[PDB]
There are 2 protein chains.
Amino acid sequence: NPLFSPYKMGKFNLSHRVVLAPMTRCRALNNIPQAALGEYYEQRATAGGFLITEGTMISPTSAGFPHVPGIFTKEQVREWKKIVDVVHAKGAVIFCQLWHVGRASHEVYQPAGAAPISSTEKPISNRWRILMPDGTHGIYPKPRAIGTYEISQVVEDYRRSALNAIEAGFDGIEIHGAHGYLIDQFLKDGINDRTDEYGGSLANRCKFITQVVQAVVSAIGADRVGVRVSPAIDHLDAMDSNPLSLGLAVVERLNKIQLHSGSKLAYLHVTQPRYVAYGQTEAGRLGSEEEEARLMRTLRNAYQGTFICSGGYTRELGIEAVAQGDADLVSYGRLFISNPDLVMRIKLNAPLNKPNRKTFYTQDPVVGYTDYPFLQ
Amino acid sequence: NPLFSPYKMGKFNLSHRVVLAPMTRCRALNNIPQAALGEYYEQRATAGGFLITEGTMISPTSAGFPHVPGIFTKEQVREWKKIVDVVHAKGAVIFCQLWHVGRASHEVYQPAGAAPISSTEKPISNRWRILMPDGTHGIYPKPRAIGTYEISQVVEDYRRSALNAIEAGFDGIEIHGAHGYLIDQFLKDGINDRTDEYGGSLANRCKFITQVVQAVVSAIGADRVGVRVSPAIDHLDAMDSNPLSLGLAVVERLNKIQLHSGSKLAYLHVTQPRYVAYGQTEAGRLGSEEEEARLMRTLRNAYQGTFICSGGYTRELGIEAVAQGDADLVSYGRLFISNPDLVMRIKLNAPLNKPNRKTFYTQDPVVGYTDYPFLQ
Ligand SMILES: Cc1cc2nc3c(=O)[nH]c(=O)nc-3n(C[C@H](O)[C@H](O)[C@H](O)COP(=O)(O)O)c2cc1C
Ligand SMILES: Cc1cc2nc3c(=O)[nH]c(=O)nc-3n(C[C@H](O)[C@H](O)[C@H](O)COP(=O)(O)O)c2cc1C
């Protein structure tokens, strides 16, 4: 089983290739990590296994979901340390994902009633909604296109949060640069309509992620930094005219940060598009799944380092990704929600619990969170 | 179950509201309807049920898929008659969809390797592919822009094909005016860059569809003519700057044809964009379809007659569409591919077979065509 062949990720001797993908679950009441998160991550931790935490706030204004943890206050750092300790007790490696949602926010998640920040003034279109604290779905407001001088302040929020993650004992951080959130709002030319130095050419649109990555690398070292992107994705109106061109520009700048830093990053983490659009048309799907495979393998061959693939993976698709050399590590999300011992189950090819979508984002510290059964 | 309320479509007393949507399947080898088509439509026919055939060529220049049937020769009429006879023997109503692909073709599909015809010289871009006869995907080429006299010849091709369909025994015809094919290449201001009386204003862009519909109405009668459009679907680079305005402008012209002809069309058939809610993303399952639903309801409210909705419909969505008054009839494509007895399965709320996209457009007369199983 290729998934259980060991993998060296930097200084990390991983015993298997099954990774816990970062997943928002909204159990961090009032944005402070809770003991429930400890039991949750403890359940999924394995000897030599890699975990990535839920997206975590870098500033008071950076959230777009309820009860997501932060790591911008000293109190949050203190509570994360307790979670990290129990994961390390089980011998696992754990990175904290740093998450700014940008224009994907709401007045209820904005402490000063300010408009959410972004590259653009364009709002998320009406077919997307936000989760409200009462469980209802809300409308995304109009964001504010931030000026040049404001870029550095947000970059600084990543740096201070990265230092805070290290203070809490995390083995590293992951930059959430995917899925139409703040960093992806600069990357994608379907969102980024700016005319200043952060807009226009591929090089200009890549400046924000480059400056974010360089700041956290200069703060905690390249070996403790992973980066997540999704060049091709249908999420929150993030589309690009040439996803392949965009992906290789990001890879080329990441490769260059490694060259000048003299150390590789922890990894590149890329979401599988899993294109299913225009399925009701005559020609909309012709050659789509072939374009998608080419996208991923082209990025993988170009990136000089560890490659993690994510999105719609199953036990069979994960085996084949590693077997064909398509990725070094495979992260699982939904199956890891409902199977605390997904790693063991994948080893044994056991039956897999089915996830209950209804409790993905509810606030109960147990129900839908820690009461999915182990193998008996 | 509102889908099994009877519906009166003109003279036709339909016993239920589940419609077979028109679907290209490429089993009509060398453009001649085959016996396999008779078995396929017979499997799906029900007493009082309405069927619409796959897109059918109106001329040697109208195809952009391999082995699609024509109805522009007498040999084709004779073979279609056998299929119509077995469908009528089961008590179903059947219309033949008349299809010209315009610029969505390739030299391999054109007489003497000629360029495809269109409103414009602009090609479909390389984000779309054409299916080639050998099963690979090819590149759409530059079309030739036709002038006023040749437009009138294409209109006559529609008229002659409509007469041929009646000669074969069809209950009527459907004009394929959707999905970025020839008529939509005149409708959509993202495609139509003409400056003559067929380009520019909404009125000019609607001239071609009005001419086509008027010509067939005057040949066989409005009661035997249905019209299909998709103002909000941008398949094959067919975008309009104001889809709802374009949709209402088309509806206006159809209402006017009906008043001047003194009788209603069989129906207006509209395919709507349908956005798959991705489960792998943070907010994919929080989406809203309200905006697309309001577009469809506004077109239906504006049109004086029978409305067929299509695009991503399920059992539950079809029930809701009829129950809320949003449509009179609901057409199903992909689920009708894999469920020959889809009508009965929806009536009983039975499980549905999954369709296999790999055999949507292959040539076998059985495999992936007639060997999907009935309820047992
Ligand atoms: C409930 C849920 C929450 C998620 N939260 C995040 C997140 O906070 N940050 C992130 O980068 N991806 C997030 N994702 C995407 C996952 O990390 C992962 O890419 C996806 O679940 C993998 O596909 P799979 O569920 O088929 O395994 C989330 C996915 C789900 C289903
Ligand atoms: C394989 C396939 C072939 C199709 N061929 C045609 C066609 O020839 N003419 C047409 O107007 N629409 C065609 N369509 C679109 C369907 O008529 C219909 O609008 C769509 O399939 C409905 O969505 P559903 O599959 O979710 O039911 C086709 C769709 C598919 C999947």
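When reading the values below, keep in mind they use all heavy atoms of this one structure, side chains included, and skip hydrogens, waters and symmetry mates. So you know, we letter chains A, B, ... as the sequences are listed, proteins then strands, and number each from 1. For ligands, and for the atoms within them, numbers begin at 1 and follow the listed sequence.
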Of the protein's non-hydrogen atoms, which lies at the shortest distance from atom 15 (C) of ligand 2, and what is that distance?
-> A:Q280 O, 3.1 Å

If you compare A:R285, B:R228, B:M23, B:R274 by their heavy atoms, the one closest to atom 12 (N) of ligand 2 turns out to be B:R228

For atom 7 (C) of ligand 2, closest protein heavy-atom neighbour | B:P22 O, 3.4 Å

Quick one: look at B:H179 and ligand 2, take heavy-atom pairs under 4.0 Å, and tell me if it's side chain, backbone, both or neither.
-> side chain

A:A178 heavy atom under 4.0 Å from ligand 1 | no

Would you mind checking which non-hydrogen protein atom is closest to atom 27 (O) of ligand 2, with the distance to 0.1 Å?
-> B:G333 N, 2.8 Å

Of the choices B:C309, B:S310, B:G312, which has the non-hydrogen atom that lies closest to atom 23 (O) of ligand 2?
-> B:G312

So is A:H269 in contact with ligand 1, going by heavy-atom distances below 4.0 Å?
-> no

Can A:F336 be said to touch ligand 1, with heavy atoms closer than 4.0 Å?
-> no

Looking only at non-hydrogen atoms, the one of B:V101, B:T314, B:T24 nearest atom 5 (N) of ligand 2 is B:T24

Positive for ring pair (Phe, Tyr, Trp, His ring centres under 6.0 Å) with A:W80, one of A:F72, A:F95, A:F170 = A:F170

To which protein heavy atom is atom 9 (N) of ligand 2 closest, and what is the distance rounded to 0.1 Å?
-> B:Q97 OE1, 2.9 Å

Ionic contact status for B:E54 with B:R27, cut-off 4.0 Å | no

Under 4.0 Å from ligand 2, counting heavy atoms only, is it the side chain of B:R334, its backbone, both or neither?
-> both

of all protein heavy atoms, closest to atom 1 (C) of ligand 2 is B:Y361 OH, 3.2 Å

